[PDB]
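Data block for final11.cif (mmCIF, C-alpha atoms (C1' of nucleotides) and all ligand atoms; chains and numbers go by the auth columns):
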data_data
#
loop_
_atom_site.group_PDB
_atom_site.id
_atom_site.type_symbol
_atom_site.label_atom_id
_atom_site.label_comp_id
_atom_site.label_asym_id
_atom_site.label_seq_id
_atom_site.Cartn_x
_atom_site.Cartn_y
_atom_site.Cartn_z
_atom_site.B_iso_or_equiv
_atom_site.auth_seq_id
_atom_site.auth_asym_id
ATOM 1 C CA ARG A 1 89.768 94.500 75.235 0.00 1 N
ATOM 2 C CA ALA A 2 87.416 91.487 75.487 0.00 2 N
ATOM 3 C CA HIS A 3 86.954 91.297 71.650 0.00 3 N
ATOM 4 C CA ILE A 4 90.759 91.118 71.099 0.00 4 N
ATOM 5 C CA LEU A 5 91.045 88.366 73.775 0.00 5 N
ATOM 6 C CA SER A 6 88.040 86.394 72.325 0.00 6 N
ATOM 7 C CA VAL A 7 88.333 86.819 68.494 0.00 7 N
ATOM 8 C CA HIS A 8 92.090 87.210 67.731 0.00 8 N
ATOM 9 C CA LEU A 9 94.374 86.419 70.718 0.00 9 N
ATOM 10 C CA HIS A 10 92.991 82.890 71.460 0.00 10 N
ATOM 11 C CA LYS A 11 95.020 82.643 74.749 0.00 11 N
ATOM 12 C CA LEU A 12 92.430 80.436 76.557 0.00 12 N
ATOM 13 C CA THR A 13 92.794 77.554 73.963 0.00 13 N
ATOM 14 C CA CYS A 14 94.879 74.371 74.333 0.00 14 N
ATOM 15 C CA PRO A 15 98.120 74.339 72.233 0.00 15 N
ATOM 16 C CA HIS A 16 97.357 70.633 71.352 0.00 16 N
ATOM 17 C CA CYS A 17 93.717 69.382 71.654 0.00 17 N
ATOM 18 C CA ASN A 18 92.220 72.820 70.798 0.00 18 N
ATOM 19 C CA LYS A 19 89.692 72.718 73.682 0.00 19 N
ATOM 20 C CA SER A 20 89.429 76.003 75.680 0.00 20 N
ATOM 21 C CA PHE A 21 89.163 76.901 79.395 0.00 21 N
ATOM 22 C CA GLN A 22 87.415 79.715 81.335 0.00 22 N
ATOM 23 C CA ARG A 23 90.662 80.799 83.163 0.00 23 N
ATOM 24 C CA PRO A 24 94.457 80.486 82.448 0.00 24 N
ATOM 25 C CA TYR A 25 94.755 78.455 85.690 0.00 25 N
ATOM 26 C CA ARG A 26 92.693 75.524 84.314 0.00 26 N
ATOM 27 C CA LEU A 27 94.575 75.713 80.970 0.00 27 N
ATOM 28 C CA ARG A 28 97.840 75.324 82.942 0.00 28 N
ATOM 29 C CA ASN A 29 96.498 72.305 84.855 0.00 29 N
ATOM 30 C CA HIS A 30 95.197 70.772 81.553 0.00 30 N
ATOM 31 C CA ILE A 31 98.621 71.126 79.842 0.00 31 N
ATOM 32 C CA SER A 32 100.270 69.603 82.961 0.00 32 N
ATOM 33 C CA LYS A 33 98.275 66.301 82.435 0.00 33 N
ATOM 34 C CA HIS A 34 96.454 65.755 79.092 0.00 34 N
ATOM 35 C CA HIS A 35 99.554 66.971 77.131 0.00 35 N
ATOM 36 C CA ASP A 36 102.253 66.269 79.790 0.00 36 N
ATOM 37 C CA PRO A 37 106.002 65.530 79.317 0.00 37 N
ATOM 38 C CA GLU A 38 107.495 62.275 80.756 0.00 38 N
ATOM 39 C CA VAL A 39 108.365 64.255 84.007 0.00 39 N
ATOM 40 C CA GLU A 40 107.657 62.633 87.405 0.00 40 N
ATOM 41 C CA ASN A 41 106.470 65.923 89.055 0.00 41 N
ATOM 42 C CA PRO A 42 104.018 67.680 86.663 0.00 42 N
ATOM 43 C CA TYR A 43 103.167 70.503 89.161 0.00 43 N
ATOM 44 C CA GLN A 44 105.477 73.441 90.069 0.00 44 N
ATOM 45 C CA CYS A 45 104.930 76.190 92.673 0.00 45 N
ATOM 46 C CA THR A 46 103.479 79.241 90.863 0.00 46 N
ATOM 47 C CA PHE A 47 104.690 81.881 93.384 0.00 47 N
ATOM 48 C CA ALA A 48 107.603 84.346 93.804 0.00 48 N
ATOM 49 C CA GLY A 49 110.991 82.696 94.541 0.00 49 N
ATOM 50 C CA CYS A 50 109.611 79.190 95.445 0.00 50 N
ATOM 51 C CA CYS A 51 111.377 76.320 93.588 0.00 51 N
ATOM 52 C CA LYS A 52 109.358 73.250 94.786 0.00 52 N
ATOM 53 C CA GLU A 53 107.580 70.700 92.592 0.00 53 N
ATOM 54 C CA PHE A 54 104.922 68.038 93.217 0.00 54 N
ATOM 55 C CA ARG A 55 103.421 64.762 91.904 0.00 55 N
ATOM 56 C CA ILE A 56 99.659 65.442 92.386 0.00 56 N
ATOM 57 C CA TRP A 57 97.676 68.735 92.115 0.00 57 N
ATOM 58 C CA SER A 58 96.352 68.259 95.689 0.00 58 N
ATOM 59 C CA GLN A 59 99.918 68.490 97.088 0.00 59 N
ATOM 60 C CA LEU A 60 100.423 71.806 95.221 0.00 60 N
ATOM 61 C CA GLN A 61 97.073 73.097 96.571 0.00 61 N
ATOM 62 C CA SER A 62 98.285 72.110 100.055 0.00 62 N
ATOM 63 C CA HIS A 63 101.712 73.771 99.518 0.00 63 N
ATOM 64 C CA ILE A 64 100.146 77.070 98.314 0.00 64 N
ATOM 65 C CA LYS A 65 97.624 77.085 101.241 0.00 65 N
ATOM 66 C CA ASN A 66 100.383 76.199 103.791 0.00 66 N
ATOM 67 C CA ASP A 67 103.484 78.212 102.730 0.00 67 N
ATOM 68 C CA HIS A 68 101.984 80.987 100.537 0.00 68 N
ATOM 69 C CA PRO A 69 98.712 82.002 102.366 0.00 69 N
ATOM 70 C CA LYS A 70 97.658 85.534 101.345 0.00 70 N
ATOM 71 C CA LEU A 71 97.667 87.599 104.583 0.00 71 N
ATOM 72 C CA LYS A 72 96.890 91.252 105.506 0.00 72 N
ATOM 73 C CA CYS A 73 99.246 93.214 107.829 0.00 73 N
ATOM 74 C CA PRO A 74 97.704 93.161 111.349 0.00 74 N
ATOM 75 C CA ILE A 75 98.420 96.923 111.708 0.00 75 N
ATOM 76 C CA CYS A 76 98.038 98.465 108.204 0.00 76 N
ATOM 77 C CA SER A 77 95.964 95.733 106.382 0.00 77 N
ATOM 78 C CA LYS A 78 98.169 95.884 103.223 0.00 78 N
ATOM 79 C CA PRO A 79 98.310 92.359 101.672 0.00 79 N
ATOM 80 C CA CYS A 80 101.404 90.082 101.714 0.00 80 N
ATOM 81 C CA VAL A 81 102.294 86.442 100.852 0.00 81 N
ATOM 82 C CA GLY A 82 103.344 83.896 103.501 0.00 82 N
ATOM 83 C CA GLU A 83 105.285 84.017 106.802 0.00 83 N
ATOM 84 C CA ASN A 84 108.336 85.740 105.265 0.00 84 N
ATOM 85 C CA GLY A 85 106.043 88.393 103.713 0.00 85 N
ATOM 86 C CA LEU A 86 104.513 89.273 107.092 0.00 86 N
ATOM 87 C CA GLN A 87 107.863 89.192 108.944 0.00 87 N
ATOM 88 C CA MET A 88 109.500 91.449 106.258 0.00 88 N
ATOM 89 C CA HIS A 89 106.607 93.937 106.383 0.00 89 N
ATOM 90 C CA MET A 90 106.576 94.012 110.218 0.00 90 N
ATOM 91 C CA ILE A 91 110.001 95.768 110.142 0.00 91 N
ATOM 92 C CA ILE A 92 108.282 98.935 108.824 0.00 92 N
ATOM 93 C CA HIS A 93 106.220 99.416 111.998 0.00 93 N
ATOM 94 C CA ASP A 94 109.100 98.407 114.350 0.00 94 N
ATOM 95 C CA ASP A 95 109.963 101.358 116.653 0.00 95 N
ATOM 96 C CA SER A 96 113.357 99.873 117.655 0.00 96 N
ATOM 97 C CA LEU A 97 114.840 99.865 114.095 0.00 97 N
ATOM 98 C CA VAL A 98 112.693 102.517 112.373 0.00 98 N
ATOM 99 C CA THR A 99 113.253 105.532 114.677 0.00 99 N
ATOM 100 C CA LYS A 100 110.212 107.248 113.107 0.00 100 N
ATOM 101 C CA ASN A 101 108.823 110.755 113.496 0.00 101 N
ATOM 102 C CA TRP A 102 105.823 111.495 115.682 0.00 102 N
ATOM 103 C CA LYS A 103 102.713 113.361 114.348 0.00 103 N
ATOM 104 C CA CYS A 104 98.942 113.855 114.877 0.00 104 N
ATOM 105 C CA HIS A 105 96.579 112.036 112.450 0.00 105 N
ATOM 106 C CA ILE A 106 94.726 115.378 111.836 0.00 106 N
ATOM 107 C CA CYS A 107 96.562 118.385 113.422 0.00 107 N
ATOM 108 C CA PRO A 108 99.324 119.624 110.966 0.00 108 N
ATOM 109 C CA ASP A 109 101.674 121.206 113.568 0.00 109 N
ATOM 110 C CA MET A 110 102.863 118.299 115.817 0.00 110 N
ATOM 111 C CA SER A 111 106.584 117.391 116.246 0.00 111 N
ATOM 112 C CA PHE A 112 107.152 115.092 119.266 0.00 112 N
ATOM 113 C CA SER A 113 110.530 113.552 120.300 0.00 113 N
ATOM 114 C CA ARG A 114 109.283 110.372 122.154 0.00 114 N
ATOM 115 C CA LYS A 115 106.365 107.871 121.930 0.00 115 N
ATOM 116 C CA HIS A 116 105.035 108.505 125.486 0.00 116 N
ATOM 117 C CA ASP A 117 105.011 112.258 124.747 0.00 117 N
ATOM 118 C CA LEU A 118 103.023 111.778 121.486 0.00 118 N
ATOM 119 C CA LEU A 119 100.222 110.088 123.490 0.00 119 N
ATOM 120 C CA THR A 120 99.665 113.472 125.288 0.00 120 N
ATOM 121 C CA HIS A 121 98.153 115.006 122.111 0.00 121 N
ATOM 122 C CA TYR A 122 96.002 111.932 121.343 0.00 122 N
ATOM 123 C CA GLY A 123 95.115 111.936 125.105 0.00 123 N
ATOM 124 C CA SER A 124 93.831 115.581 125.076 0.00 124 N
ATOM 125 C CA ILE A 125 92.991 116.958 121.583 0.00 125 N
ATOM 126 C CA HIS A 126 91.629 113.510 120.745 0.00 126 N
ATOM 127 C CA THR A 127 91.086 110.663 123.287 0.00 127 N
ATOM 128 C CA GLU A 128 91.810 106.855 123.549 0.00 128 N
ATOM 129 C CA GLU A 129 89.293 106.448 120.642 0.00 129 N
ATOM 130 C CA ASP A 130 90.579 107.107 117.037 0.00 130 N
ATOM 131 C CA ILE A 131 94.304 106.984 117.888 0.00 131 N
ATOM 132 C CA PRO A 132 96.134 105.139 114.995 0.00 132 N
ATOM 133 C CA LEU A 133 96.842 101.414 115.530 0.00 133 N
ATOM 134 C CA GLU A 134 100.667 101.599 114.955 0.00 134 N
ATOM 135 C CA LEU A 135 100.903 104.037 117.936 0.00 135 N
ATOM 136 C CA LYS A 136 98.546 101.884 120.102 0.00 136 N
ATOM 137 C CA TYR A 137 100.013 98.431 119.247 0.00 137 N
ATOM 138 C CA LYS A 138 102.469 97.612 122.129 0.00 138 N
ATOM 139 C CA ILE A 139 102.171 94.005 120.781 0.00 139 N
ATOM 140 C CA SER A 140 105.804 92.789 121.280 0.00 140 N
ATOM 141 C "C1'" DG B 1 147.722 67.211 106.762 0.00 1 Z
ATOM 142 C "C1'" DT B 2 148.249 62.547 108.089 0.00 2 Z
ATOM 143 C "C1'" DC B 3 149.027 58.355 110.649 0.00 3 Z
ATOM 144 C "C1'" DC B 4 147.338 53.864 113.179 0.00 4 Z
ATOM 145 C "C1'" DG B 5 143.737 50.313 113.309 0.00 5 Z
ATOM 146 C "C1'" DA B 6 139.296 49.859 115.834 0.00 6 Z
ATOM 147 C "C1'" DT B 7 135.032 49.100 114.130 0.00 7 Z
ATOM 148 C "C1'" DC B 8 129.100 49.930 111.850 0.00 8 Z
ATOM 149 C "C1'" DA B 9 127.751 47.787 108.549 0.00 9 Z
ATOM 150 C "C1'" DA B 10 129.513 47.004 103.110 0.00 10 Z
ATOM 151 C "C1'" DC B 11 128.965 43.193 100.487 0.00 11 Z
ATOM 152 C "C1'" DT B 12 129.247 38.507 101.115 0.00 12 Z
ATOM 153 C "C1'" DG B 13 127.443 32.385 102.146 0.00 13 Z
ATOM 154 C "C1'" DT B 14 121.304 30.628 102.605 0.00 14 Z
ATOM 155 C "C1'" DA B 15 116.093 30.479 105.181 0.00 15 Z
ATOM 156 C "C1'" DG B 16 111.225 32.210 105.140 0.00 16 Z
ATOM 157 C "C1'" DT B 17 107.534 37.064 104.113 0.00 17 Z
ATOM 158 C "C1'" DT B 18 105.342 40.360 100.436 0.00 18 Z
ATOM 159 C "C1'" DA B 19 101.930 41.598 95.984 0.00 19 Z
ATOM 160 C "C1'" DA B 20 98.628 40.762 91.662 0.00 20 Z
ATOM 161 C "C1'" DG B 21 93.957 39.615 90.422 0.00 21 Z
ATOM 162 C "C1'" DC B 22 90.363 36.381 90.454 0.00 22 Z
ATOM 163 C "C1'" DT B 23 83.293 36.251 90.824 0.00 23 Z
ATOM 164 C "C1'" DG B 24 81.227 40.364 92.662 0.00 24 Z
ATOM 165 C "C1'" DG B 25 78.303 44.396 93.319 0.00 25 Z
ATOM 166 C "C1'" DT B 26 79.992 48.713 95.614 0.00 26 Z
ATOM 167 C "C1'" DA B 27 81.967 53.394 97.921 0.00 27 Z
ATOM 168 C "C1'" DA B 28 86.271 54.906 97.771 0.00 28 Z
ATOM 169 C "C1'" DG B 29 90.270 58.435 95.336 0.00 29 Z
ATOM 170 C "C1'" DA B 30 91.239 61.791 91.796 0.00 30 Z
ATOM 171 C "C1'" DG B 31 88.467 64.668 88.943 0.00 31 Z
ATOM 172 C "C1'" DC B 32 85.893 67.928 85.310 0.00 32 Z
ATOM 173 C "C1'" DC B 33 83.307 72.154 83.602 0.00 33 Z
ATOM 174 C "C1'" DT B 34 79.732 75.772 84.327 0.00 34 Z
ATOM 175 C "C1'" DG B 35 78.864 78.741 87.414 0.00 35 Z
ATOM 176 C "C1'" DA B 36 79.383 82.507 91.075 0.00 36 Z
ATOM 177 C "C1'" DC B 37 82.568 86.515 93.997 0.00 37 Z
ATOM 178 C "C1'" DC B 38 85.739 89.296 95.127 0.00 38 Z
ATOM 179 C "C1'" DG B 39 90.588 91.428 94.092 0.00 39 Z
ATOM 180 C "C1'" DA B 40 93.243 93.415 90.929 0.00 40 Z
ATOM 181 C "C1'" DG B 41 94.350 95.262 85.919 0.00 41 Z
ATOM 182 C "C1'" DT B 42 93.854 97.766 81.624 0.00 42 Z
ATOM 183 C "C1'" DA B 43 93.568 102.252 80.542 0.00 43 Z
ATOM 184 C "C1'" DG B 44 90.757 106.061 78.966 0.00 44 Z
ATOM 185 C "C1'" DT B 45 88.485 109.340 81.559 0.00 45 Z
ATOM 186 C "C1'" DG B 46 86.980 113.922 84.384 0.00 46 Z
ATOM 187 C "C1'" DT B 47 87.558 118.386 85.929 0.00 47 Z
ATOM 188 C "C1'" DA B 48 90.916 122.133 86.367 0.00 48 Z
ATOM 189 C "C1'" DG B 49 94.855 125.228 85.200 0.00 49 Z
ATOM 190 C "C1'" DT B 50 99.107 127.338 82.334 0.00 50 Z
ATOM 191 C "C1'" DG B 51 100.453 128.817 78.428 0.00 51 Z
ATOM 192 C "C1'" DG B 52 100.203 130.515 73.414 0.00 52 Z
ATOM 193 C "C1'" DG B 53 98.775 132.152 69.385 0.00 53 Z
ATOM 194 C "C1'" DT B 54 94.854 134.445 66.389 0.00 54 Z
ATOM 195 C "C1'" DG B 55 92.151 138.144 65.748 0.00 55 Z
ATOM 196 C "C1'" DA B 56 90.334 143.019 66.146 0.00 56 Z
ATOM 197 C "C1'" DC B 57 91.083 147.607 66.854 0.00 57 Z
ATOM 198 C "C1'" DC B 58 93.906 151.370 67.576 0.00 58 Z
ATOM 199 C "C1'" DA B 59 97.567 155.366 66.759 0.00 59 Z
ATOM 200 C "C1'" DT B 60 101.625 156.339 65.460 0.00 60 Z
ATOM 201 C "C1'" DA B 61 104.893 157.227 62.040 0.00 61 Z
ATOM 202 C "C1'" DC B 62 106.239 159.140 57.351 0.00 62 Z
ATOM 203 C "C1'" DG B 63 105.135 161.005 52.780 0.00 63 Z
ATOM 204 C "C1'" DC B 64 102.158 162.953 49.116 0.00 64 Z
ATOM 205 C "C1'" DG B 65 98.790 165.633 48.333 0.00 65 Z
ATOM 206 C "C1'" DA B 66 95.023 169.158 49.519 0.00 66 Z
ATOM 207 C "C1'" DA B 67 93.576 173.656 51.076 0.00 67 Z
ATOM 208 C "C1'" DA B 68 95.002 177.597 54.378 0.00 68 Z
ATOM 209 C "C1'" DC B 69 97.216 182.131 55.114 0.00 69 Z
ATOM 210 C "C1'" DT B 70 100.543 185.663 54.659 0.00 70 Z
ATOM 211 C "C1'" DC B 71 102.835 189.109 52.094 0.00 71 Z
ATOM 212 C "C1'" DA B 72 103.820 191.260 48.001 0.00 72 Z
ATOM 213 C "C1'" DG B 73 102.807 191.210 42.660 0.00 73 Z
ATOM 214 C "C1'" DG B 74 99.841 193.726 39.118 0.00 74 Z
ATOM 215 C "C1'" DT B 75 96.227 196.404 36.979 0.00 75 Z
ATOM 216 C "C1'" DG B 76 94.202 201.082 35.245 0.00 76 Z
ATOM 217 C "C1'" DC B 77 92.748 205.310 35.982 0.00 77 Z
ATOM 218 C "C1'" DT B 78 93.828 210.394 36.519 0.00 78 Z
ATOM 219 C "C1'" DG B 79 95.797 214.533 39.556 0.00 79 Z
ATOM 220 C "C1'" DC B 80 99.096 216.926 38.509 0.00 80 Z
ATOM 221 C "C1'" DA B 81 103.026 218.472 35.949 0.00 81 Z
ATOM 222 C "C1'" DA B 82 106.187 219.243 31.463 0.00 82 Z
ATOM 223 C "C1'" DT B 83 107.430 218.267 26.568 0.00 83 Z
ATOM 224 C "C1'" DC B 84 106.345 219.746 22.210 0.00 84 Z
ATOM 225 C "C1'" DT B 85 103.758 222.938 19.847 0.00 85 Z
HETATM 226 ZN ZN ZN C . 94.413 70.339 75.044 0.00 1 U
HETATM 227 ZN ZN ZN C . 105.969 77.569 96.813 0.00 2 U
HETATM 228 ZN ZN ZN C . 101.510 96.993 108.430 0.00 3 U
HETATM 229 ZN ZN ZN C . 96.049 116.520 116.440 0.00 4 U
#
Show how you would write the structure in this file as structure tokens.
Ligand SMILES: [Zn+2]
Ligand SMILES: [Zn+2]
Ligand SMILES: [Zn+2]
Ligand SMILES: [Zn+2]
Amino acid sequence: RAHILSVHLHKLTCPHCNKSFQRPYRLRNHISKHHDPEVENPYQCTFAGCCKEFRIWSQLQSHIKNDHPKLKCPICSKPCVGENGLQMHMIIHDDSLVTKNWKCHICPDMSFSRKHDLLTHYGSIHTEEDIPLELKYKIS
DNA sequence: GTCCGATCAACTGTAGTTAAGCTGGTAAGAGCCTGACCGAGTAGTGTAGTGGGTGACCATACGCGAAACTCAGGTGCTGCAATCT
């Protein structure tokens, strides 16, 4: 895989000056300046569904760090991008919309009908230690 | 939808606030490439299980031949009798 990407598919080289760069990111920045079109805003947001464009690389660095920070779900630690990403993923845990089933983390048999009732099993066969966070998190 | 016409400022007459860069010695933006660090990507891998087809060995079958066994053919004398003498 490395041989193909270093002897035949020269993807890390400039299309114009024939320098090369240690990551595609720096090649992109290089093309955006040293071989740039007459465009006023040489930088464009690299992320999903974002259409914004910028004059100086520092403003793009700021925009990525502000509006596309890479987060982990507070409950399930799965990664997501930006405020919308977190708010979209938080629906999955929501007990008002997602009228989910109720089970033990270990015991195969459980089949509760309400959240308060599920805490009886975790309060007796387990205890207040090693209950799952989605059950515990009365955060709203 | 349109009608009147009041009315913030559109577009119209002159009176007074903004850089650029010179002498310098200088630290300030905006920056570059090698390097390091973790997350994720490319993708062949590591046990583990379902199926199939090959191979060996058997026995079952007929069909031709091989020897078996049963029952009746065949040899040869002579005890007894009859033809020729
Ligand atoms: Zn180049
Ligand atoms: Zn963006
Ligand atoms: Zn979550
Ligand atoms: Zn249990």
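Taking all atoms listed in the file into account, every polymer residue with at least one atom at most 9 Å away from ligand ZN 1 (chain U) is listed here: residues 13, 14, 15, 16, 17, 18, 19, 20, 27, 30, 31, 34 and 35 of chain N.
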For this session: Run through the PyMOL selection byres (((not hetatm)) within 9 of (chain U and resi 4)) on the given coordinates and return the selected residues as a ChimeraX atom specification.
Result: /N:103-110,121-122,124-126
For this session: Output the residue selection produced by the PyMOL selection byres (((not hetatm)) within 7 of (chain U and resi 3)) on the file above, formatted as a PyMOL selection string.
Result: chain N and resi 73-78+89-90+93
Please produce an output containing C-alpha atoms for each residue in the selection, written as a CSV table (one decimal), keeping the file's coordinate frame.
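Okay, this is what ended up in result17.csv:
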chain,number,residue,atom,x,y,z
N,73,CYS,CA,99.2,93.2,107.8
N,74,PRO,CA,97.7,93.2,111.3
N,75,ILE,CA,98.4,96.9,111.7
N,76,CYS,CA,98.0,98.5,108.2
N,77,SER,CA,96.0,95.7,106.4
N,78,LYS,CA,98.2,95.9,103.2
N,89,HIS,CA,106.6,93.9,106.4
N,90,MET,CA,106.6,94.0,110.2
N,93,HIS,CA,106.2,99.4,112.0
Problem set entry | Distance query residue 32 in chain N at most 10 Å, only C-alpha atoms (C1' of nucleotides), self and fewer than 5 positions along chain excluded, as an MDAnalysis selection string | chainID N and resid 26:27 37 39 41:44 57
Take every atom of range 85-88 of chain N listed in the file, fit an axis-aligned box around them, add 5 Å per side, and give the centre and edge lengths in Å to one decimal as AutoDock Vina command-line options.
--center_x 107.0 --center_y 89.9 --center_z 106.3 --size_x 15.0 --size_y 13.1 --size_z 15.2
Exercise. Given the file above and the PyMOL selection byres ((chain N) within 9 of (chain Z)), which residues are selected, and can you give them as a ChimeraX atom specification?
Worked result: /N:1,21-22
All residues within 6 Å of ligand ZN 2 (chain U) are required, counting only C-alpha atoms (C1' of nucleotides) and all ligand atoms; please report them as a compact mmCIF listing (two decimals) with C-alpha atoms, in the frame of the given file.
# COMPACT_ATOMS: atom_id res chain seq x y z
CA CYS N 45 104.93 76.19 92.67
CA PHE N 47 104.69 81.88 93.38
CA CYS N 50 109.61 79.19 95.44
CA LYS N 52 109.36 73.25 94.79
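Straight-line separation from CA of residue 119 in chain N to CA of residue 79 in chain N: 28.2 Å.
Among N:33, N:28, N:138, N:72, the residue with the shortest atom-to-atom distance to residue 12 in chain N, counting only C-alpha atoms, is N:28.
The two atoms in question, CA of residue 140 in chain N and CA of residue 116 in chain N, are spaced 16.3 Å apart.
Distance annotation: of N:68, N:136, N:10, N:23, the residue with the minimal separation from residue 48 in chain N is N:68; atom set is only C-alpha atoms.
Between CA of residue 65 in chain N and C1' of residue 36 in chain Z lies a distance of 21.6 Å.
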Please write N, CA, C and O atoms (P, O5', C5', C4', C3', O3' and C1' of nucleotides) of range 20-32 of chain Z, from the structure given just now, as a JSON list (two decimals), in the first residue's frame.
[["chain", "number", "residue", "atom", "x", "y", "z"],
["Z", 20, "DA", "P", -2.11, 53.61, 3.27],
["Z", 20, "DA", "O5'", -0.87, 54.30, 2.51],
["Z", 20, "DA", "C5'", -0.94, 54.65, 1.13],
["Z", 20, "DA", "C4'", 0.33, 55.35, 0.61],
["Z", 20, "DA", "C3'", 1.63, 54.58, 0.91],
["Z", 20, "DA", "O3'", 2.44, 54.53, -0.26],
["Z", 20, "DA", "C1'", 1.75, 56.84, 1.67],
["Z", 21, "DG", "P", 3.68, 53.51, -0.41],
["Z", 21, "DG", "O5'", 4.92, 54.26, 0.28],
["Z", 21, "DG", "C5'", 5.67, 55.26, -0.40],
["Z", 21, "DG", "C4'", 6.67, 55.99, 0.50],
["Z", 21, "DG", "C3'", 7.59, 55.05, 1.31],
["Z", 21, "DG", "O3'", 8.93, 55.51, 1.40],
["Z", 21, "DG", "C1'", 6.61, 56.65, 2.68],
["Z", 22, "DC", "P", 9.98, 55.44, 0.17],
["Z", 22, "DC", "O5'", 10.75, 56.84, 0.32],
["Z", 22, "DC", "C5'", 11.72, 57.06, 1.33],
["Z", 22, "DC", "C4'", 11.62, 58.48, 1.92],
["Z", 22, "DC", "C3'", 12.75, 58.74, 2.94],
["Z", 22, "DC", "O3'", 13.22, 60.08, 2.81],
["Z", 22, "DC", "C1'", 10.64, 59.00, 3.95],
["Z", 23, "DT", "P", 14.38, 60.75, 3.72],
["Z", 23, "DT", "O5'", 15.62, 59.73, 3.82],
["Z", 23, "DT", "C5'", 15.55, 58.47, 4.49],
["Z", 23, "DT", "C4'", 16.76, 58.23, 5.40],
["Z", 23, "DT", "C3'", 16.95, 56.72, 5.67],
["Z", 23, "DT", "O3'", 18.34, 56.46, 5.81],
["Z", 23, "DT", "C1'", 16.55, 57.84, 7.67],
["Z", 24, "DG", "P", 18.92, 55.01, 6.22],
["Z", 24, "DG", "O5'", 18.84, 55.10, 7.82],
["Z", 24, "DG", "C5'", 18.82, 53.94, 8.66],
["Z", 24, "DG", "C4'", 18.46, 54.35, 10.09],
["Z", 24, "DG", "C3'", 18.46, 53.15, 11.05],
["Z", 24, "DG", "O3'", 18.82, 53.51, 12.39],
["Z", 24, "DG", "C1'", 16.29, 54.07, 10.89],
["Z", 25, "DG", "P", 20.36, 53.58, 12.86],
["Z", 25, "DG", "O5'", 20.86, 52.05, 12.95],
["Z", 25, "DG", "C5'", 20.59, 51.20, 14.07],
["Z", 25, "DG", "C4'", 19.08, 50.96, 14.30],
["Z", 25, "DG", "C3'", 18.75, 49.86, 15.34],
["Z", 25, "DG", "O3'", 18.12, 50.46, 16.47],
["Z", 25, "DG", "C1'", 17.28, 49.89, 13.48],
["Z", 26, "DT", "P", 17.86, 49.68, 17.85],
["Z", 26, "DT", "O5'", 16.44, 48.95, 17.66],
["Z", 26, "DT", "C5'", 16.31, 47.53, 17.59],
["Z", 26, "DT", "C4'", 14.90, 47.15, 17.11],
["Z", 26, "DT", "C3'", 14.63, 45.64, 17.15],
["Z", 26, "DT", "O3'", 14.33, 45.24, 18.47],
["Z", 26, "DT", "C1'", 13.55, 46.79, 15.30],
["Z", 27, "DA", "P", 13.91, 43.73, 18.84],
["Z", 27, "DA", "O5'", 12.31, 43.69, 18.67],
["Z", 27, "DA", "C5'", 11.48, 44.59, 19.39],
["Z", 27, "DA", "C4'", 9.98, 44.48, 19.06],
["Z", 27, "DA", "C3'", 9.34, 43.14, 19.44],
["Z", 27, "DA", "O3'", 8.01, 43.38, 19.89],
["Z", 27, "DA", "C1'", 9.47, 43.41, 17.05],
["Z", 28, "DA", "P", 6.95, 42.21, 20.23],
["Z", 28, "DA", "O5'", 6.05, 42.13, 18.89],
["Z", 28, "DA", "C5'", 5.06, 43.12, 18.64],
["Z", 28, "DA", "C4'", 4.56, 43.17, 17.19],
["Z", 28, "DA", "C3'", 3.90, 41.89, 16.68],
["Z", 28, "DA", "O3'", 2.53, 41.80, 17.08],
["Z", 28, "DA", "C1'", 5.40, 42.80, 15.07],
["Z", 29, "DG", "P", 1.61, 40.54, 16.69],
["Z", 29, "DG", "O5'", 1.19, 40.83, 15.17],
["Z", 29, "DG", "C5'", 0.41, 39.91, 14.43],
["Z", 29, "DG", "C4'", 0.24, 40.34, 12.96],
["Z", 29, "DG", "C3'", -0.34, 39.20, 12.13],
["Z", 29, "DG", "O3'", -1.08, 39.69, 11.01],
["Z", 29, "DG", "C1'", 1.96, 39.59, 11.57],
["Z", 30, "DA", "P", -2.25, 38.83, 10.32],
["Z", 30, "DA", "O5'", -1.47, 37.75, 9.42],
["Z", 30, "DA", "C5'", -0.90, 38.09, 8.16],
["Z", 30, "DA", "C4'", 0.04, 37.01, 7.61],
["Z", 30, "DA", "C3'", -0.57, 35.59, 7.64],
["Z", 30, "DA", "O3'", -0.46, 35.00, 6.34],
["Z", 30, "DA", "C1'", 1.62, 35.64, 8.57],
["Z", 31, "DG", "P", -0.74, 33.43, 6.05],
["Z", 31, "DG", "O5'", 0.68, 32.80, 6.42],
["Z", 31, "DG", "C5'", 1.86, 33.27, 5.79],
["Z", 31, "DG", "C4'", 3.10, 32.53, 6.30],
["Z", 31, "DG", "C3'", 3.01, 31.04, 5.98],
["Z", 31, "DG", "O3'", 3.30, 30.86, 4.62],
["Z", 31, "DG", "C1'", 4.32, 31.60, 7.89],
["Z", 32, "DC", "P", 2.99, 29.48, 3.88],
["Z", 32, "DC", "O5'", 4.23, 28.55, 4.28],
["Z", 32, "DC", "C5'", 5.54, 28.85, 3.81],
["Z", 32, "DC", "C4'", 6.62, 27.99, 4.47],
["Z", 32, "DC", "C3'", 6.41, 26.50, 4.23],
["Z", 32, "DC", "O3'", 7.31, 26.07, 3.22],
["Z", 32, "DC", "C1'", 7.08, 27.02, 6.50]]
